[PDB]
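A.B. asks: I'd like to ask you about the structure that follows.
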Amino acid sequence: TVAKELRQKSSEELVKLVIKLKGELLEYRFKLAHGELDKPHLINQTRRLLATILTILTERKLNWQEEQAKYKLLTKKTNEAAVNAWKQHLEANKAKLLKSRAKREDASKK
Amino acid sequence: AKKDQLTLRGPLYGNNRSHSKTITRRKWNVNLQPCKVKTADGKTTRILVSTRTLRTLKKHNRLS
Amino acid sequence: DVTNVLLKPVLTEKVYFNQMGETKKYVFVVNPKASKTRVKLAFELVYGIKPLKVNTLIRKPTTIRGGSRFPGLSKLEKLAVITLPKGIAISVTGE
Amino acid sequence: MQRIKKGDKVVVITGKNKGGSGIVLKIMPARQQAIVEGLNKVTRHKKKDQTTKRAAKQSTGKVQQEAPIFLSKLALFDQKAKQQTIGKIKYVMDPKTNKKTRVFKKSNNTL
RNA sequence: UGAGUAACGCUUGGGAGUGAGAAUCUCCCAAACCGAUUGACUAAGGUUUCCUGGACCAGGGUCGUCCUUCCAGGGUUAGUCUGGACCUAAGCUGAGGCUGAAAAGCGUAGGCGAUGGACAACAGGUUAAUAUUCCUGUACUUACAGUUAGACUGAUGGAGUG
RNA sequence: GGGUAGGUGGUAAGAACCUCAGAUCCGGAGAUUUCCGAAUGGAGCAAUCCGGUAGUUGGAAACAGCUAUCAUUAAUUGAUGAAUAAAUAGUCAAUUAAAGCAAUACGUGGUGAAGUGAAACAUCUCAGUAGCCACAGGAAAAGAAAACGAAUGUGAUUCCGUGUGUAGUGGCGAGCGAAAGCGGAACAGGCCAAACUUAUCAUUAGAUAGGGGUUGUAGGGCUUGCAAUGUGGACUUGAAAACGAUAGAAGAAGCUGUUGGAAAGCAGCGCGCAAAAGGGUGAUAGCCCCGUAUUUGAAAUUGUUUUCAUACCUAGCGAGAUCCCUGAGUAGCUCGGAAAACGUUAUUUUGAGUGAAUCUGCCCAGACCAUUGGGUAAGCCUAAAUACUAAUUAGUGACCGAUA
Ligand SMILES: [Mg+2]
Ligand SMILES: [Mg+2]
Ligand SMILES: [Mg+2]
Ligand SMILES: [Mg+2]
Ligand SMILES: [Mg+2]
Ligand SMILES: [Mg+2]
Ligand SMILES: [Mg+2]
Ligand SMILES: [Mg+2]
Ligand SMILES: [Mg+2]
Ligand SMILES: [Mg+2]
Ligand SMILES: [Mg+2]
Ligand SMILES: [Mg+2]
Ligand SMILES: [Mg+2]
Ligand SMILES: [Mg+2]
Ligand SMILES: [Mg+2]
Ligand SMILES: [Mg+2]
Ligand SMILES: [Mg+2]
Ligand SMILES: [Mg+2]
Ligand SMILES: [Mg+2]
Ligand SMILES: [Mg+2]
Ligand SMILES: [Mg+2]
Ligand SMILES: [Mg+2]
Ligand SMILES: [Mg+2]
Ligand SMILES: [Mg+2]
Ligand SMILES: [Mg+2]
Ligand SMILES: [Mg+2]
Ligand SMILES: [Mg+2]
Ligand SMILES: [Mg+2]
Ligand SMILES: [Mg+2]
Ligand SMILES: [Mg+2]
Ligand SMILES: [Mg+2]
Ligand SMILES: [Mg+2]
Ligand SMILES: [Mg+2]
Ligand SMILES: [Mg+2]
């Protein structure tokens, strides 16, 4: 039944499905580890659908990681706060670095 | 091993019978001797063969 | 890459003591065969903020339920302590 | 197919309860049992346990429920016949739908 | 049966408290022994015996509310520490090869093998349990890329040192 | 494919789901198959550590992901190439196989004891047993007479009964013990070398690839004719059919009363049977249930047999010539051992030495010679009857029933 529907799907759409279900599986396991999973069966359903998609994808001589490595889309959103924190941290590091060499230099000059 | 290189004939194990018919296991070894056999004017390997095989080679004009 | 090396976050007294006060330290359990560099890459590909450094713990298996009719051993755990830079604190649940 | 299914009316032909008509609520094929409502009423002495949000109350006194009954003691009840009786069933396959259907052998009533 | 007998394997008194029950548990005050050690840090080994709460089936040569016992949860953070990614000693393995009824034994080139050689981090603080590892402060070392200035660079080999 | 109305493996309740677009379950065929382990990229203290190469994706590179490959030996081929001109040794690359395990069991071969018995013990026995090792196979081994053996004889091997505890062999002591013949199980015989001839190798071939040949009442080759187009194989591919194996479908016949917690027991009156094997059901059920007898059914994989065609092999009786071929360090013999029932000996085998002949030939018939007769060594392959059961299915037991 389900295997027929996935067979109708193309290959690229199938690899999009597998990466999305991998992400959802990670989220389900994390929520379970935080005691926030009301529906504890979706983990099993996700795994079975993941296994089925792998079977259809392995009928044809195609992998799931390499095919997605060939073409993909980059990331977004998780950039602003990251660069703010990193810019602040490297600025602080350079200030400490500048202060230390100066102290040493003026000490050696004296 | 103490065996021929052309054939595979090796030692012969038997009994060492003496007076009073006392039994002691003994081994007969083949008369291994070194010989050089030419082959198409080359590769004159110093093989270790028995005297029987040496006689066979001699009567065969050194053919093996 | 496959992101099977981030099994489960863990919350204890030690974890919450560290997870406060400017730099946050988040402790997860990871694949025992994974390395520090793989842990940083997984956090990059699944969270988006580069860890400042990673520390690893190996907890050896030990006997549990001793004296019970059927005794059993523990499971091998590798713990990873990620520390994000100053002023950033992301949530382990909610994406 | 199976002699007894979930839903059909059934009676008991042996034991203390004779002629006990009921509806089968659940069938265990592995243990060859059958839960029939209103029959085999047992009253477990319900204790009190409090270790959960629902266990904080868990009000249970002399709750009378259903005990499972061996499938051999059960017998199908006839309804189409004007004079209802207990009999055995066949497994004829009618070519109209090619599906197996139970039919009694002391009459010609389906199911 | 011996027989409720021998034995219970080097260390005292009191006050307060918990508890259904206290010579044996907790706290306090003394008292007595160790003090080139019964003190402190670690190697080997042991493998959770470590910390917290609870329990007193069993174990504890008595008792027990207590335990190194049992249950539940938690605890071990390294570029610089101890070892690999570096090197060899005794010795082991050892393609070819030699020897030997067979299994195998010996052995060259290579490869392993510390109890040795080379190699960059110190002080303080923090949790019930980790700390040259976490935090603060101040440092050092090795790689890669860009850049500035100078210089011709010079090993799988030779020599010196080690 | 079968098959349904339940399912989410056991100690196991509950929570939450799945399931009539056909779930769970059973059968056939596939997919995935971490690490160690023959382990085989290198190491190593097993389930660990450290990599190289060729790709591809991020990075500004180091680097990091994702793939494939990288052991040794043997054979074949190609390239390169020392001492030393050529050439080999060696080196490299590609392809194909080998490694290991287990069935506490059967087979073959090598090696091979001792306890014990002889009332001691050394010959001998134990025993070619235990053990050790190598190689397999589904069986293995053996195998088509240079044979048995005493006759108007049998006509590969193997296994069973008898011959018989016989002939014999034994410090003639303990003991050991056939080969003929007869009765049975099964039955099968094939193929190379040499002659002769063809083609090719600096044709010094003495070598390679073909035709011809496979023997004993001798065969084959040389030359010359007749009759032959078949029968049969231990044989290749296909096609078709039949019988099965791995899930299943259908499958008859009972009520009343009594003791009893409960009937199926007991009693009354019945019924079915190609089903009266068995299991469960509140006691002891042919008719309560599942089943059994019987009739049936396979999409897929697999086994046996038969038919048709198709490869390969497979064919008789004469004449003349009097010429050629018929397995050599081989058979014998000597010196030490052994196998056969035999404690070494006619027959078989071999560590050392020596060494023949060529159908008017050679070997054998228990030393040996002659006559008579039998058979063709020094080349190979061979189904069946025979040995065993770790495992799969069905079943049985005057076998056990928690010290067995
Ligand atoms: Mg002896
Ligand atoms: Mg560490
Ligand atoms: Mg006594
Ligand atoms: Mg007493
Ligand atoms: Mg006394
Ligand atoms: Mg006394
Ligand atoms: Mg006393
Ligand atoms: Mg004491
Ligand atoms: Mg005392
Ligand atoms: Mg003192
Ligand atoms: Mg001390
Ligand atoms: Mg313990
Ligand atoms: Mg404690
Ligand atoms: Mg306590
Ligand atoms: Mg006590
Ligand atoms: Mg540091
Ligand atoms: Mg080393
Ligand atoms: Mg050291
Ligand atoms: Mg401490
Ligand atoms: Mg189906
Ligand atoms: Mg003896
Ligand atoms: Mg004796
Ligand atoms: Mg005696
Ligand atoms: Mg054979
Ligand atoms: Mg049926
Ligand atoms: Mg029936
Ligand atoms: Mg019965
Ligand atoms: Mg003779
Ligand atoms: Mg003998
Ligand atoms: Mg003759
Ligand atoms: Mg004679
Ligand atoms: Mg001949
Ligand atoms: Mg037992
Ligand atoms: Mg007992």
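Identifiers in the structure tokens: chain A, B, ... in order shown; residue index from 1 per chain; ligand index from 1 in order shown.
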Grab me every residue within 12 Å of ligand 15, counting only C-alpha atoms (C1' of nucleotides) and all ligand atoms, and send it over as a list in words.
C.D. replies: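 Using only C-alpha atoms (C1' of nucleotides) and all ligand atoms, everything at most 12 Å from ligand 15 comes to residues 24, 56, 58, 59, 60, 61, 62, 63, 64 and 66 of chain E.
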A.B. asks: Residues of the last selection are to be written out with C-alpha atoms (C1' of nucleotides), as a PDB file, in the first residue's frame.
C.D. replies:
```pdb
ATOM      1  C1'   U E  24      26.574  -0.592  69.528  1.00  0.00           C
ATOM      2  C1'   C E  56      16.647  -3.543  57.888  1.00  0.00           C
ATOM      3  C1'   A E  58      19.687 -12.251  53.880  1.00  0.00           C
ATOM      4  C1'   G E  59      25.447 -10.837  55.253  1.00  0.00           C
ATOM      5  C1'   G E  60      27.791  -8.182  59.842  1.00  0.00           C
ATOM      6  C1'   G E  61      30.729 -13.955  64.884  1.00  0.00           C
ATOM      7  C1'   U E  62      26.227  -9.828  69.794  1.00  0.00           C
ATOM      8  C1'   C E  63      22.780  -5.532  68.807  1.00  0.00           C
ATOM      9  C1'   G E  64      21.340  -2.199  65.361  1.00  0.00           C
ATOM     10  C1'   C E  66      23.506   1.573  61.330  1.00  0.00           C
TER      11        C E  66
END
```
A.B. asks: Taking the DSSP assignment computed from this structure's backbone, write out as a VMD selection string all residues of chain C that belong to strand (DSSP E or B).
C.D. replies: chain C and resid 8 to 9 25 to 30 53 to 59 63 to 64 72 to 73 77 to 83
A.B. asks: For the residues in the current selection, export C-alpha atoms as a PDB file, in the first residue's frame.
C.D. replies:
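Listed below is the output, out_24.pdb:
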```
ATOM      1  CA  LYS C   8      19.782  11.997  24.012  1.00  0.00           C
ATOM      2  CA  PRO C   9      20.286  15.100  26.170  1.00  0.00           C
ATOM      3  CA  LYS C  25      27.257  24.029  28.863  1.00  0.00           C
ATOM      4  CA  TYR C  26      24.914  21.452  27.324  1.00  0.00           C
ATOM      5  CA  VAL C  27      25.571  17.765  28.019  1.00  0.00           C
ATOM      6  CA  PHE C  28      24.357  15.159  25.517  1.00  0.00           C
ATOM      7  CA  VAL C  29      24.967  11.448  25.035  1.00  0.00           C
ATOM      8  CA  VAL C  30      26.605  10.547  21.733  1.00  0.00           C
ATOM      9  CA  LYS C  53      34.973  23.381  22.781  1.00  0.00           C
ATOM     10  CA  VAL C  54      33.831  19.814  23.440  1.00  0.00           C
ATOM     11  CA  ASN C  55      34.706  17.499  26.334  1.00  0.00           C
ATOM     12  CA  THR C  56      34.013  13.761  26.363  1.00  0.00           C
ATOM     13  CA  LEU C  57      33.271  11.249  29.128  1.00  0.00           C
ATOM     14  CA  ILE C  58      33.236   7.447  28.928  1.00  0.00           C
ATOM     15  CA  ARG C  59      31.176   5.743  31.635  1.00  0.00           C
ATOM     16  CA  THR C  63      26.559  -4.568  37.314  1.00  0.00           C
ATOM     17  CA  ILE C  64      23.003  -3.464  38.087  1.00  0.00           C
ATOM     18  CA  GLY C  72      22.321  -7.519  34.327  1.00  0.00           C
ATOM     19  CA  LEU C  73      25.071  -5.195  33.177  1.00  0.00           C
ATOM     20  CA  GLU C  77      27.748   5.777  27.540  1.00  0.00           C
ATOM     21  CA  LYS C  78      29.798   8.535  25.955  1.00  0.00           C
ATOM     22  CA  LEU C  79      28.920  11.972  27.326  1.00  0.00           C
ATOM     23  CA  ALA C  80      29.738  15.184  25.469  1.00  0.00           C
ATOM     24  CA  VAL C  81      29.881  18.630  27.057  1.00  0.00           C
ATOM     25  CA  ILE C  82      29.295  21.353  24.470  1.00  0.00           C
ATOM     26  CA  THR C  83      29.872  24.982  25.500  1.00  0.00           C
TER      27      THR C  83
END
```
A.B. asks: Excluding region 300-307 of chain F and any residue of its chain fewer than 4 positions from it, enumerate the residues within 10 Å of it, using only C-alpha atoms (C1' of nucleotides), and give them as an MDAnalysis selection string.
C.D. replies: chainID F and resid 1 28:29 240:246
A.B. asks: Go ahead and write the selection's residues with C-alpha atoms (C1' of nucleotides) as a PDB file, in the first residue's frame.
C.D. replies:
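Once written, part-v9.pdb looks like this:
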```pdb
ATOM      1  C1'   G F   1       0.733 -16.727  -2.307  1.00  0.00           C
ATOM      2  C1'   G F  28       8.195 -19.184  -1.175  1.00  0.00           C
ATOM      3  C1'   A F  29      11.565 -15.332  -3.064  1.00  0.00           C
ATOM      4  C1'   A F 240       6.389 -30.934 -22.838  1.00  0.00           C
ATOM      5  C1'   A F 241       4.062 -34.155 -19.263  1.00  0.00           C
ATOM      6  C1'   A F 242       3.529 -36.939 -14.708  1.00  0.00           C
ATOM      7  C1'   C F 243       4.709 -37.906  -9.475  1.00  0.00           C
ATOM      8  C1'   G F 244       6.052 -35.026  -5.073  1.00  0.00           C
ATOM      9  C1'   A F 245       8.382 -31.203  -1.088  1.00  0.00           C
ATOM     10  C1'   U F 246       8.002 -26.124   1.145  1.00  0.00           C
TER      11        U F 246
END
```
A.B. asks: Give me the residues near region 2-14 of chain B as a PDB file with N, CA, C and O atoms (P, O5', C5', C4', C3', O3' and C1' of nucleotides), in the first residue's frame, where near means some atom within 10 Å (using only C-alpha atoms (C1' of nucleotides)) and where sequence neighbours in that chain fewer than 5 positions away do not count.
C.D. replies:
```
ATOM      1  N   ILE B  23      62.104 -55.663  18.897  1.00  0.00           N
ATOM      2  CA  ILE B  23      61.524 -54.711  17.954  1.00  0.00           C
ATOM      3  C   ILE B  23      61.916 -53.298  18.355  1.00  0.00           C
ATOM      4  O   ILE B  23      61.739 -52.901  19.512  1.00  0.00           O
ATOM      5  N   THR B  24      62.462 -52.543  17.404  1.00  0.00           N
ATOM      6  CA  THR B  24      62.756 -51.124  17.581  1.00  0.00           C
ATOM      7  C   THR B  24      62.497 -50.419  16.259  1.00  0.00           C
ATOM      8  O   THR B  24      63.010 -50.845  15.220  1.00  0.00           O
ATOM      9  N   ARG B  25      61.695 -49.361  16.296  1.00  0.00           N
ATOM     10  CA  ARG B  25      61.330 -48.659  15.075  1.00  0.00           C
ATOM     11  C   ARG B  25      62.533 -47.920  14.500  1.00  0.00           C
ATOM     12  O   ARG B  25      63.274 -47.250  15.227  1.00  0.00           O
ATOM     13  N   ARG B  26      62.724 -48.043  13.188  1.00  0.00           N
ATOM     14  CA  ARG B  26      63.827 -47.405  12.488  1.00  0.00           C
ATOM     15  C   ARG B  26      63.308 -46.810  11.190  1.00  0.00           C
ATOM     16  O   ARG B  26      62.191 -47.097  10.750  1.00  0.00           O
ATOM     17  N   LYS B  27      64.132 -45.966  10.575  1.00  0.00           N
ATOM     18  CA  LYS B  27      63.763 -45.259   9.358  1.00  0.00           C
ATOM     19  C   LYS B  27      64.864 -45.412   8.322  1.00  0.00           C
ATOM     20  O   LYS B  27      66.035 -45.149   8.613  1.00  0.00           O
ATOM     21  N   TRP B  28      64.487 -45.841   7.121  1.00  0.00           N
ATOM     22  CA  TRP B  28      65.394 -45.873   5.981  1.00  0.00           C
ATOM     23  C   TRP B  28      65.265 -44.563   5.214  1.00  0.00           C
ATOM     24  O   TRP B  28      64.163 -44.189   4.801  1.00  0.00           O
ATOM     25  N   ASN B  29      66.382 -43.872   5.022  1.00  0.00           N
ATOM     26  CA  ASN B  29      66.399 -42.619   4.284  1.00  0.00           C
ATOM     27  C   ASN B  29      66.910 -42.846   2.866  1.00  0.00           C
ATOM     28  O   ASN B  29      67.740 -43.724   2.617  1.00  0.00           O
ATOM     29  N   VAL B  30      66.405 -42.042   1.940  1.00  0.00           N
ATOM     30  CA  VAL B  30      66.812 -42.134   0.543  1.00  0.00           C
ATOM     31  C   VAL B  30      68.191 -41.512   0.377  1.00  0.00           C
ATOM     32  O   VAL B  30      68.586 -40.607   1.120  1.00  0.00           O
ATOM     33  N   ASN B  31      68.941 -42.011  -0.606  1.00  0.00           N
ATOM     34  CA  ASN B  31      70.296 -41.531  -0.869  1.00  0.00           C
ATOM     35  C   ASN B  31      70.205 -40.204  -1.614  1.00  0.00           C
ATOM     36  O   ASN B  31      70.387 -40.114  -2.830  1.00  0.00           O
ATOM     37  N   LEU B  32      69.922 -39.149  -0.856  1.00  0.00           N
ATOM     38  CA  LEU B  32      69.841 -37.814  -1.430  1.00  0.00           C
ATOM     39  C   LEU B  32      71.236 -37.304  -1.760  1.00  0.00           C
ATOM     40  O   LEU B  32      72.119 -37.272  -0.897  1.00  0.00           O
ATOM     41  N   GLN B  33      71.436 -36.906  -3.012  1.00  0.00           N
ATOM     42  CA  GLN B  33      72.707 -36.386  -3.486  1.00  0.00           C
ATOM     43  C   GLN B  33      72.449 -35.185  -4.381  1.00  0.00           C
ATOM     44  O   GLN B  33      71.394 -35.102  -5.020  1.00  0.00           O
ATOM     45  N   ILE B  47      69.519 -29.305  -7.877  1.00  0.00           N
ATOM     46  CA  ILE B  47      68.456 -30.036  -7.208  1.00  0.00           C
ATOM     47  C   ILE B  47      69.042 -31.202  -6.420  1.00  0.00           C
ATOM     48  O   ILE B  47      70.136 -31.692  -6.702  1.00  0.00           O
ATOM     49  N   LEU B  48      68.292 -31.653  -5.416  1.00  0.00           N
ATOM     50  CA  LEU B  48      68.701 -32.761  -4.562  1.00  0.00           C
ATOM     51  C   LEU B  48      67.836 -33.971  -4.896  1.00  0.00           C
ATOM     52  O   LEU B  48      66.650 -34.009  -4.552  1.00  0.00           O
ATOM     53  N   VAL B  49      68.431 -34.959  -5.560  1.00  0.00           N
ATOM     54  CA  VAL B  49      67.704 -36.116  -6.060  1.00  0.00           C
ATOM     55  C   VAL B  49      68.357 -37.376  -5.510  1.00  0.00           C
ATOM     56  O   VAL B  49      69.495 -37.361  -5.034  1.00  0.00           O
ATOM     57  N   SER B  50      67.617 -38.478  -5.581  1.00  0.00           N
ATOM     58  CA  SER B  50      68.164 -39.766  -5.194  1.00  0.00           C
ATOM     59  C   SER B  50      69.047 -40.326  -6.306  1.00  0.00           C
ATOM     60  O   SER B  50      69.032 -39.859  -7.448  1.00  0.00           O
ATOM     61  N   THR B  51      69.830 -41.348  -5.956  1.00  0.00           N
ATOM     62  CA  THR B  51      70.696 -41.983  -6.942  1.00  0.00           C
ATOM     63  C   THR B  51      69.886 -42.720  -8.001  1.00  0.00           C
ATOM     64  O   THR B  51      70.288 -42.761  -9.170  1.00  0.00           O
ATOM     65  N   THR B  53      66.912 -41.804  -9.233  1.00  0.00           N
ATOM     66  CA  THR B  53      66.499 -40.786 -10.191  1.00  0.00           C
ATOM     67  C   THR B  53      67.685 -40.255 -10.986  1.00  0.00           C
ATOM     68  O   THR B  53      67.533 -39.905 -12.160  1.00  0.00           O
ATOM     69  N   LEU B  54      68.867 -40.193 -10.369  1.00  0.00           N
ATOM     70  CA  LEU B  54      70.068 -39.789 -11.095  1.00  0.00           C
ATOM     71  C   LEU B  54      70.395 -40.770 -12.214  1.00  0.00           C
ATOM     72  O   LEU B  54      70.764 -40.358 -13.320  1.00  0.00           O
ATOM     73  N   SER B  64      64.371 -34.257 -17.948  1.00  0.00           N
ATOM     74  CA  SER B  64      63.442 -34.205 -16.825  1.00  0.00           C
ATOM     75  C   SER B  64      62.618 -32.922 -16.857  1.00  0.00           C
ATOM     76  O   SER B  64      62.789 -32.079 -17.738  1.00  0.00           O
TER      77      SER B  64
ATOM     78  P     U E  99      67.910 -27.449   3.028  1.00  0.00           P
ATOM     79  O5'   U E  99      67.468 -27.947   4.475  1.00  0.00           O
ATOM     80  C5'   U E  99      68.430 -28.178   5.491  1.00  0.00           C
ATOM     81  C4'   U E  99      67.774 -28.506   6.809  1.00  0.00           C
ATOM     82  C3'   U E  99      66.787 -29.660   6.802  1.00  0.00           C
ATOM     83  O3'   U E  99      67.407 -30.931   6.814  1.00  0.00           O
ATOM     84  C1'   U E  99      65.854 -27.849   7.980  1.00  0.00           C
ATOM     85  P     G E 100      66.720 -32.162   6.046  1.00  0.00           P
ATOM     86  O5'   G E 100      65.458 -32.530   6.947  1.00  0.00           O
ATOM     87  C5'   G E 100      65.632 -33.019   8.268  1.00  0.00           C
ATOM     88  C4'   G E 100      64.350 -32.983   9.065  1.00  0.00           C
ATOM     89  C3'   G E 100      63.196 -33.822   8.541  1.00  0.00           C
ATOM     90  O3'   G E 100      63.319 -35.197   8.859  1.00  0.00           O
ATOM     91  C1'   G E 100      62.402 -31.684   9.150  1.00  0.00           C
ATOM     92  P     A E 101      63.110 -36.313   7.722  1.00  0.00           P
ATOM     93  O5'   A E 101      61.764 -37.052   8.139  1.00  0.00           O
ATOM     94  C5'   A E 101      60.542 -36.339   8.242  1.00  0.00           C
ATOM     95  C4'   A E 101      59.419 -37.058   7.538  1.00  0.00           C
ATOM     96  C3'   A E 101      58.092 -36.319   7.491  1.00  0.00           C
ATOM     97  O3'   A E 101      58.035 -35.359   6.452  1.00  0.00           O
ATOM     98  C1'   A E 101      57.728 -38.550   8.178  1.00  0.00           C
TER      99        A E 101
ATOM    100  P     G F 110      50.067 -45.956   4.623  1.00  0.00           P
ATOM    101  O5'   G F 110      50.844 -44.789   5.380  1.00  0.00           O
ATOM    102  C5'   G F 110      51.752 -43.946   4.689  1.00  0.00           C
ATOM    103  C4'   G F 110      52.269 -42.838   5.573  1.00  0.00           C
ATOM    104  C3'   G F 110      52.766 -43.257   6.946  1.00  0.00           C
ATOM    105  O3'   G F 110      54.075 -43.796   6.929  1.00  0.00           O
ATOM    106  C1'   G F 110      51.381 -41.356   7.156  1.00  0.00           C
ATOM    107  P     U F 111      54.441 -45.045   7.871  1.00  0.00           P
ATOM    108  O5'   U F 111      54.524 -44.425   9.337  1.00  0.00           O
ATOM    109  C5'   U F 111      55.391 -43.339   9.622  1.00  0.00           C
ATOM    110  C4'   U F 111      55.050 -42.686  10.937  1.00  0.00           C
ATOM    111  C3'   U F 111      54.941 -43.611  12.137  1.00  0.00           C
ATOM    112  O3'   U F 111      56.198 -43.954  12.689  1.00  0.00           O
ATOM    113  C1'   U F 111      53.099 -42.133  12.111  1.00  0.00           C
ATOM    114  P     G F 336      70.862 -59.731   5.231  1.00  0.00           P
ATOM    115  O5'   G F 336      70.484 -58.328   5.878  1.00  0.00           O
ATOM    116  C5'   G F 336      69.369 -58.211   6.745  1.00  0.00           C
ATOM    117  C4'   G F 336      68.906 -56.783   6.880  1.00  0.00           C
ATOM    118  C3'   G F 336      67.496 -56.603   7.421  1.00  0.00           C
ATOM    119  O3'   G F 336      67.428 -56.699   8.831  1.00  0.00           O
ATOM    120  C1'   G F 336      67.776 -55.249   5.512  1.00  0.00           C
ATOM    121  P     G F 337      66.287 -57.592   9.523  1.00  0.00           P
ATOM    122  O5'   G F 337      65.005 -56.646   9.518  1.00  0.00           O
ATOM    123  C5'   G F 337      63.857 -56.962   8.746  1.00  0.00           C
ATOM    124  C4'   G F 337      63.053 -55.725   8.434  1.00  0.00           C
ATOM    125  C3'   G F 337      61.542 -55.888   8.406  1.00  0.00           C
ATOM    126  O3'   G F 337      60.950 -55.893   9.693  1.00  0.00           O
ATOM    127  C1'   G F 337      62.224 -54.697   6.497  1.00  0.00           C
ATOM    128  P     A F 338      59.963 -57.087  10.116  1.00  0.00           P
ATOM    129  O5'   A F 338      58.710 -56.913   9.148  1.00  0.00           O
ATOM    130  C5'   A F 338      57.646 -56.032   9.481  1.00  0.00           C
ATOM    131  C4'   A F 338      57.124 -55.307   8.265  1.00  0.00           C
ATOM    132  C3'   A F 338      55.785 -55.775   7.721  1.00  0.00           C
ATOM    133  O3'   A F 338      54.683 -55.254   8.443  1.00  0.00           O
ATOM    134  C1'   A F 338      57.316 -55.480   5.938  1.00  0.00           C
ATOM    135  P     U F 350      56.843 -50.800  -4.530  1.00  0.00           P
ATOM    136  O5'   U F 350      57.883 -50.619  -3.336  1.00  0.00           O
ATOM    137  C5'   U F 350      57.606 -49.747  -2.245  1.00  0.00           C
ATOM    138  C4'   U F 350      58.769 -49.648  -1.286  1.00  0.00           C
ATOM    139  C3'   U F 350      60.091 -49.179  -1.897  1.00  0.00           C
ATOM    140  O3'   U F 350      60.788 -48.366  -0.953  1.00  0.00           O
ATOM    141  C1'   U F 350      60.397 -51.291  -0.894  1.00  0.00           C
ATOM    142  P     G F 351      61.360 -46.932  -1.395  1.00  0.00           P
ATOM    143  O5'   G F 351      62.832 -46.894  -0.786  1.00  0.00           O
ATOM    144  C5'   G F 351      63.175 -45.956   0.224  1.00  0.00           C
ATOM    145  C4'   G F 351      64.438 -46.352   0.949  1.00  0.00           C
ATOM    146  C3'   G F 351      65.633 -46.698   0.075  1.00  0.00           C
ATOM    147  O3'   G F 351      66.339 -45.560  -0.387  1.00  0.00           O
ATOM    148  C1'   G F 351      65.356 -48.371   1.707  1.00  0.00           C
TER     149        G F 351
END
```
A.B. asks: Please find the residues contacting ligand 32 at a distance of at most 9 Å between atoms, with only C-alpha atoms (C1' of nucleotides) and all ligand atoms counted, and report them as a PDB file with C-alpha atoms (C1' of nucleotides), in the first residue's frame.
C.D. replies:
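Now in pocket04.pdb:
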```pdb
ATOM      1  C1'   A F 146      50.525 -60.986 -16.322  1.00  0.00           C
ATOM      2  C1'   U F 215      44.203 -56.529 -27.006  1.00  0.00           C
ATOM      3  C1'   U F 326      51.985 -53.822 -27.710  1.00  0.00           C
ATOM      4  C1'   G F 327      53.693 -49.355 -21.308  1.00  0.00           C
ATOM      5  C1'   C F 362      56.924 -62.695 -20.734  1.00  0.00           C
ATOM      6  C1'   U F 376      48.743 -60.661 -20.671  1.00  0.00           C
ATOM      7  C1'   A F 377      52.599 -56.593 -15.430  1.00  0.00           C
ATOM      8  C1'   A F 378      55.572 -52.237 -15.511  1.00  0.00           C
TER       9        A F 378
END
```
A.B. asks: Would you mind listing the residues within 12 Å of ligand 31, counting only C-alpha atoms (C1' of nucleotides) and all ligand atoms, as number ranges by chain?
C.D. replies: F: 149-150, 346, 364-369
A.B. asks: Once you count only C-alpha atoms (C1' of nucleotides) and all ligand atoms, which residues end up within 9 Å of ligand 11, and could you hand them over as a list in words?
C.D. replies: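 So the residues close to ligand 11 are residues 37, 38, 39 and 40 of chain E.
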A.B. asks: Counting only C-alpha atoms (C1' of nucleotides) and all ligand atoms, name the residues that have an atom within 12 Å of an atom of ligand 19; the answer should be given as a list in words.
C.D. replies: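 So the residues close to ligand 19 are residues 50, 51, 75, 76, 127, 128, 129, 130 and 131 of chain E.
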